[PDB]
Ligand SMILES: Nc1ncnc2c1ncn2[C@@H]1O[C@H](COP(=O)(O)OP(=O)(O)O)[C@@H](O)[C@H]1O
Ligand SMILES: Nc1ncnc2c1ncn2[C@@H]1O[C@H](COP(=O)(O)OP(=O)(O)O)[C@@H](O)[C@H]1O
Ligand SMILES: O=c1ccn([C@@H]2O[C@H](COP(=O)(O)O)[C@@H](O)[C@H]2O)c(=O)[nH]1
Ligand SMILES: CC[N+](CC)(CC)CC
Ligand SMILES: NCCC[C@H](N)C(=O)O
Ligand SMILES: [Cl-]
Ligand SMILES: [Cl-]
Ligand SMILES: [Cl-]
Ligand SMILES: [Cl-]
Ligand SMILES: [Cl-]
Ligand SMILES: [K+]
Ligand SMILES: [K+]
Ligand SMILES: [K+]
Ligand SMILES: [K+]
Ligand SMILES: [K+]
Ligand SMILES: [Mn+2]
Ligand SMILES: [Mn+2]
Ligand SMILES: [Mn+2]
């Protein structure tokens, strides 16, 4: 049937802030969904607390809500928008969770909201692990031997039955959240206690081990006519026991005979039919015993996911757009296939003539106390994808596109290290983020494919391939650059070797290999993605490079082209925010008439959606790869300022090679990035900067340190040293030296320079003081405590800096305010991660404006010349991944660790902040008992905070010194023992639920290591805690507001702007 | 360095590596999109005289095995692939693809831009080609052989593949657990189907057995008369290479079965036969349908099935006699896929309901057949 008529308005549940296991893929999907439904003339209403999403762009939907994704808030939204239907399968687990709670709370009933795409029962059928196990048995599909548990005692009994190691999987969770592999009872109780508490339904499934079996996934789509298709099959490179999301995976499957594939295909379908998914897609997971083909069903996810996004990129079949259309009565046969020019229908199974590879991206270096072995709970922060004509080609391209500095299989251990085999061994047997390199090392060190197999359980089909590449590398190394004849090189390029890796082996510069290629006329050709293995033509330009004969790029001679370079995989600090900018550059320029060409390889993003640009090169963002594109595209300009560090870092070399970089110059960029260069300009401008020094030696430092004055910011991993004694200490464990600006307000300012005038995009005042990374700070726009006079001072320094640095497009400047004095922290001459937030807040699409600027259209010409100061407050707050790494001290500091952010909109700062806090998933309560344990320098201001809490009705506890100060001011908290002091102590109290709120501030490395237990416990037991007094106050203010009281749309917000 | 070369009528040359027999092969070149199932494909008689190109780069990942053979031998003239994996990795593997090609004496080339090739064929249609694998392949020779090629167009291929003597089949379908089962005992199958071997895929037989048939395989040229004499519960027209001439013997015989009330069912070639024999017209297709992801709509129930295709000729829908009703159409190109005799208990399907390889979506076509069969015996 055609579109549903009994439906007019639809509410789409967004995924919320980015976290490990629930990332950008939902922005990609939510956007596709918005696009699809608006295309079909529906009235779209959506909710997403994450402001850095293309999905919340005002022009994307009818009624956009950037509000905390809480059932009571959504309730207000429903109540206010009266949606006919609700689509809950495009927002990750957050969306499924909310839909069912809404359901549970009777809200859907109350406003007569019909659930589409998937039903409430279908969702539960899939999400409730016991129910899922029961459905499988009903359809004769086999599942691992397992047991349900609702308590630790129950749990222990199942373990008794399945033995160790056993797998623990919570109901109503994904990304492995709350689960793990228990090798022992001690491990067992820990994960169990963790999952029971995390499970929305407080339930676990405990299974016998299948660690080592092959792992597979299938992406399915089903329509109301019962039509059913397999969109893509995926074979995991890493075996069962390492979560799909933390695994290297490829498409399509590689080691299954047709017979086995059909059986898996059939089951897949059977699974959707049984769960009840009738109008949409789903991911079905399996385990296969390589020894006998024995098939086991693991799970099914009744929604779009990270694999669906990868599958959509992999094949060119837009799963979510299609599914959104299915949720409204269309059938597959009625829809056309996008990339095949609409010539063929959406009812068919794709066929691909290439190999797709996905490699997850980790950030273990940012979490030192964390367990870094790969398991069933995801730990990756992002992923990269690559396409090649062969698996080798595909694999190596992904490696060089991973952004971890590899150029392919770079060595991890020395050939001559006597202990090398033991290290390798361990890395193979117990996988970490570096396993892939270690496999190559293994082969260099003499272990056999069977030895590797035995330790890794990685199918030999893959292993042999890596081995052959190592063997090739050895020859390169033997013959050197002289043996790099054309036949040979060509061979090498065909296997995906990078010019950079070859250079290393031959001991020459990368540019030498590149030059070599030019001589030989050895360049790649471009193939197009088309979903049908070339069986039909395509009018879409979605391409990847490969070393073959025929090229399908067919660039235009026609228009002026503009190239936008993506950021590659997302990582902490290099998130979706830069992607958003990228997307906007392309949307604005395109609209303006340019031919837009995107270069990116992040499968999760809107940037790699073929609809976002005129041309898409799904390639590693590297010098080699970009040059090749420029080579044949001959663009008018290239933008390197919107994708984060990745492209920024190629700026000079691109220019050096003749690329037409537009906007702020590579040199300009360096002036600001280079400390020295930067320090001179400040000087030249007569601006204030913190005293600093560049020390070489320890003793040098101590002296110079005396010069600068403690505390000190030691930027080589950053540290805050407080005293001489502190200095050495660091040194041991251990160079810029800067005076740390204590008790200062940190500010961010985003702006645009066109050479003619400067546009202040936004002045953001951080809640957390300077010393807590801006990326991990909550912030307000407009400033909530900074004087207009002081703000005026910053605006001026920004203008002076802009002109002086020669900015052209976006810029970001960070200041510190101490004693009514402005200090410069840094200048980032490109798009910053606050950009999207500023855009949403103020209604000005800074990224679009600045791209226009970069392309030639001045600020005056566009009509964007005056700074917007909205009539409401906007507060951004972050989300931290500490919960994924329990051994890490969940404390803020000068290094960035958050993964995502949310935005709160309010009539007052207090309201904004309360919305942001809630949306951040805070467990804060308006009542109870608060714990106060503060550092010396906070002891003074804590009194006021203690009073405010008292005024709210909280009871108080305090540690010794804090109690003393409180006592003197007239406040007598109940005293609590420090762990070492006796019983009961904090830990006991926290573990017993005595507190609903904790304020614990600490200064000084040792005192930090000492107080570790408070923060760790606080997190483990879900109690809201603040680690800064500033944050404490903000929280206090919020107690006076009610986040659920009022909601407003983005369109509405924008409308109040004068 | 073991060279191999492929040359198209058009003169387009593909240089790569030999991975099969030494020598040459000439044939119509076609492309198959099947990501899995290369063994079953290679062993399909329908491929007789054809040079097979697979779109999926890595061919041979799982080796080979006897169970995965659709016929008694390799029917493909040659094999064109992009990459031959270093190893075969699958519990079912009994011999690596290269060795198998050798054993069967197949000329095969790897390492060529199959995508280029594919696009050429799609765009400019099917072409004859020649592969040459050896020490110093001669391109002009190759070119020469290509050009010289008579081609399929006006060739009786089925006669070439059909069985010399008639025989009995009573073996059913493979199972992961049991594998290929022991042939059943005549007295174990209810029905008795007579199957015309126009170069029949073994899975077709197996899946008929599965439904309770006991078969009797017969040569292509067998007379309706001789047939009738057996007292068949059902008459089955197998798949096979090329297309029948309105001229030939089977037509004639088919016509005679259609005068009777016996149930008739054809697959692929079988389908074309039924259509000709009914007064329909067949056409050669630009490049045809070869792959396993083909959407086919049952117009009668408005439902879609993903199927296994392998055909170069098709039944012209516009020239269909009024006694032939359209039952299915391709969702890719709208070409005719299924037909049923308004007046008789006869029907056919262009695709391969037996898959092998391929999706199982169309298996039910068999069922209608049994129905028919059962109702015929009722009378
Ligand atoms: N019985 C098992 N033995 C070993 N590994 C398993 C087993 N069951 C699942 N796994 C592993 O745990 C991962 C997470 O399980 P899954 O059911 O997919 O949970 P989630 O819904 O959180 O993704 C799987 O991708 C797989 O690697
Ligand atoms: N001299 C300083 N005084 C106080 N805080 C500072 C100082 N230098 C840096 N910081 C803190 O360190 C964080 C990171 O410093 P920054 O130089 O901006 O590094 P990055 O390149 O990571 O942005 C800042 O956001 C701020 O909280
Ligand atoms: O076992 C503990 C508990 C707390 N603290 C730290 O001491 C301060 C509070 O203790 P007091 O000053 O109230 O005595 C905080 O900075 C807290 O981090 C410790 O060093 N050790
Ligand atoms: C994975 C996202 N959450 C579960 C739905 C945990 C932070 C949202 C609260
Ligand atoms: N804006 C950062 C999050 C604050 C966290 N509650 C902490 O105080 O550590
Ligand atoms: Cl909720
Ligand atoms: Cl979750
Ligand atoms: Cl087993
Ligand atoms: Cl060589
Ligand atoms: Cl940890
Ligand atoms: K079971
Ligand atoms: K895995
Ligand atoms: K699930
Ligand atoms: K800060
Ligand atoms: K070649
Ligand atoms: Mn899941
Ligand atoms: Mn999973
Ligand atoms: Mn900074």
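We number each residue from 1, going along the chain as drawn.
So this one's X-ray crystallography, 2.1 Å, going by the header.
Using N, Cα and C of the backbone, Cβ positions are placed for all residues, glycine too.
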Looking at the L-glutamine binding annotation from Swiss-Prot, with B:240, B:242, B:269, B:272, B:310, B:312, B:313 already listed, which candidate in B:34, B:46, B:71, B:72 is the matching residue?
B:46
Helix, strand or coil: which one is residue B:269 (L-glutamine binding site) in, per DSSP?
helix
Take the C-alpha atoms of residue B:312 (L-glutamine binding site) and residue B:268 (active site, nucleophile) and report the distance between them in angstrom, rounded.
10
On the Cα atoms of B:46, B:240, B:242, B:269, B:272, B:310, B:312, B:313, which are listed as binding L-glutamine, what is the maximum pairwise distance in Å?
14
List the residues of the same chain that sit at least 6 positions away from residue B:352 (active site) in sequence and have their Cβ under 8 Å from its Cβ, in sequence order, or write 'none'.
B:201, B:239, B:267, B:268, B:307, B:308, B:309, B:310, B:358, B:362
In sequence order, which residues at least six apart in the same chain have a CB under 8 Å from the CB of residue B:272 (L-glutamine binding site)?
B:243, B:244, B:266, B:282, B:313, B:314, B:315, B:350
Check residue B:46 (L-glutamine binding site) against DSSP and tell me helix, strand or coil, would you?
helix
Using a 10 Å radius around its CB, how many other CB atoms surround residue B:242 (L-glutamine binding site)?
27
Structural state of residue B:242 (L-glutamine binding site), classified by DSSP into three states
coil
Filtered by Cβ under 8 Å and at least 6 apart in sequence, the residues in the chain of residue B:240 (L-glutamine binding site) near it are B:45, B:46, B:157, B:158, B:161, B:162, B:197, B:198, B:199, B:200, B:220, B:268, B:269, B:270
If I restrict to non-local contacts, at least six residues apart, and a C-beta distance under 8 angstroms, what lies near residue B:354 (active site) in its own chain?
B:201, B:203, B:204, B:206, B:207, B:267, B:308, B:363
Residue B:46 (L-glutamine binding site), number of other Cβ atoms within 10 Å
29
